[PDB]
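**Student:** model this:
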Amino acid sequence: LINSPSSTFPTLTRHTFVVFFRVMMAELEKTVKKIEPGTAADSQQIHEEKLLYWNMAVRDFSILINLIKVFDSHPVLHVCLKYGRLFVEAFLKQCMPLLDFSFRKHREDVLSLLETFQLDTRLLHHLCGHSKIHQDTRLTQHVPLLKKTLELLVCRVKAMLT
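**Tutor:** Residues are numbered from 1 along each chain as shown. Please find the structure below.
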């Protein structure tokens, strides 16, 4: 957006970046789905390795969601509400088991993970509101599933804080 209204990396136009952001969030969703929960007696090295994989998955989620607010073509935010919904579903079914397993030792690491996920939680709240005010028939179907899953993940956050 700075050099040409075309980049320092060709094939990068405003019609092709819809594809680029789609496939970027799709590979990101596929990568966050990778990280599996082990056991409580699992080793500290593997724990640190796969929870740091979680950390880079959620920071990539942060930047993938942060580069929506500039861009348009509602197909973009529709594939975001579709793929980020299965992203938070992956986060439900994979992450919080490791949050319970590796908690009493890796306190700073799981706190860094939850504070990294909470900003993209706020951004997904903002994008659900961005879809609600638009009155889009295609976006307003996938919102209430994402709303109740936000209530499920944040109430599981309130559970683990005890």
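
**Student:** who touches stretch 55-62?
**Tutor:** Here stretch 55-62 makes contact (Cβ atoms under 8 Å, 6 or more residues apart in numbering) with 28, 31-32, 35, 84, 87, 91, 109, 112-113, 116-117, 119-120, 123. C-beta: built from backbone N, CA, C; applies to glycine.

**Student:** Which pair of those residues spans the longest distance?
**Tutor:** 84 and 109 (23.7 Å; Cβ to Cβ).

**Student:** how about the helices in this structure?
**Tutor:** Using DSSP state H, the helices of the chain run over residues 17-32, 44-66, 75-90, 96-101, 107-134, 143-161.

**Student:** Just put the ones you listed in a markdown table and tack on distance to residue 1.
**Tutor:** Shown next, in a markdown table, are these (distance: least, Cβ to Cβ, whole Å):
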| stretch | distance to residue 1 |
| --- | --- |
| helix 17-32 | 10 |
| helix 44-66 | 14 |
| helix 75-90 | 15 |
| helix 96-101 | 37 |
| helix 107-134 | 19 |
| helix 143-161 | 28 |
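
**Student:** got JSON lines for the ones you listed, with distance to residue 10 and mean neighbour count too?
**Tutor:** Listed next are those as JSON lines, based on distance: least, Cβ to Cβ, whole Å; neighbours: other Cβ atoms under 10 Å:
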{"stretch": "helix 17-32", "distance to residue 10": "12", "mean neighbour count": "16"}
{"stretch": "helix 44-66", "distance to residue 10": "22", "mean neighbour count": "16"}
{"stretch": "helix 75-90", "distance to residue 10": "21", "mean neighbour count": "19"}
{"stretch": "helix 96-101", "distance to residue 10": "40", "mean neighbour count": "18"}
{"stretch": "helix 107-134", "distance to residue 10": "30", "mean neighbour count": "16"}
{"stretch": "helix 143-161", "distance to residue 10": "35", "mean neighbour count": "13"}
